[PDB]
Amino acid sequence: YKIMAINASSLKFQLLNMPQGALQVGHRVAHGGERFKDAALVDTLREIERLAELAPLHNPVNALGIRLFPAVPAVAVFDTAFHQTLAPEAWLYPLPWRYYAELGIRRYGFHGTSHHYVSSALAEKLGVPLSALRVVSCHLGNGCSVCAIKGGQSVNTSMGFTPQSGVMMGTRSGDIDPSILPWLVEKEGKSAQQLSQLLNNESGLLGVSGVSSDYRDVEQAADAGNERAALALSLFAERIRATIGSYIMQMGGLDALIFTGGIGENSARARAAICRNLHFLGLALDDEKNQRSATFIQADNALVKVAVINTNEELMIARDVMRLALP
């Protein structure tokens, strides 16, 4: 009836009146590898901390948070689990096979909790089974990812081996020509970590704009005439548009596009730039609705629903300790 959501130099918490969702136990785990295709009742501790081998600075913090927290069932909820329905063609990188079979390098995806939440939130609003829709959902925040949901399963998503890749984000470059990296090492003697910092901490909106990691900040610099900030927002939109384009291709069409996250739920600019000239899909926004961020913002003529859904990952975590620990 009353469950709590833990997210471990930090310890976010939130207790909810379940199942009404009323309100600042289940445990957010950053990487479940391939072992956890779903949220797991908690031995589970020891294969959580083992996969720390691929989520070093997040996995053991979360699994020690599970230990600190008796007689209360705990469910571990893995940001990666939603994406374990991807086929090999979606998660195998064209590297030498041994890099996957002996080192576990493959696309994994993250934000799986939020994508799962908002996609079925969307289905409930339309009154149809999620499996009846072809959905692209964009979680757009400090981190950003796109996700393609078809027949109720995630079939692709933009973050790869680590949460650094995919679309452009606040400080993460997203995907870039990989051959840039051996060039940077041989021209600026960048160490493995400096490269890693370059990609994770000074790229994206921050590196392009020179102003800020924050969309709202960059958007003010660009309206006051800053050219690098204006370009930044443009490239931001384009990265996400190209990714959406891949996923529509993969699914053979599109029934609904979902925006969420700090930018997705609030930025009328981001959403209008991202949806520009898509009449060939039957997608168009309505200015008035887009502007007040109504739940559905598509034009009445439009064939593709466009939804602005606020993601609530603690409430989604709640609904899983209720399902696997007190059924």
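Each residue number is its position in the shown sequence, starting from 1.
According to the entry, the deposited sequence has 4 to 9 residues without coordinates between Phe69 and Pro70.
Counting the deposited residues that fall between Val321 and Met322 and carry no coordinates gives zero. Averaged over their C-alpha atoms, the temperature factors of 25-33 and 283-291 are higher for 25-33. Of the two segments examined, 312-320 and 13-21, it is 13-21 that shows the higher average Cα temperature factor in the deposited entry. The entry lists C-alpha B-factors for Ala268, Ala302, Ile258, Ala52, and the highest of these is at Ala52. By the numbers in the PDB entry, the CA B factor is greatest at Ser191 among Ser191, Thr85, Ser119, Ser158. The PDB entry assigns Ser154 a C-alpha temperature factor belonging to the lowest third of its chain's modelled residues. When the modelled residues of the chain are ordered by C-alpha B-factor, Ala222 sits in the highest third. The entry lists a Cα temperature factor for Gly166 that places it in the lowest third of the chain's modelled residues. Sorting the modelled residues of the chain by their CA temperature factor places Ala74 in the highest third.
Split the chain's modelled residues into thirds by C-alpha temperature factor. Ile263 is in the middle one.
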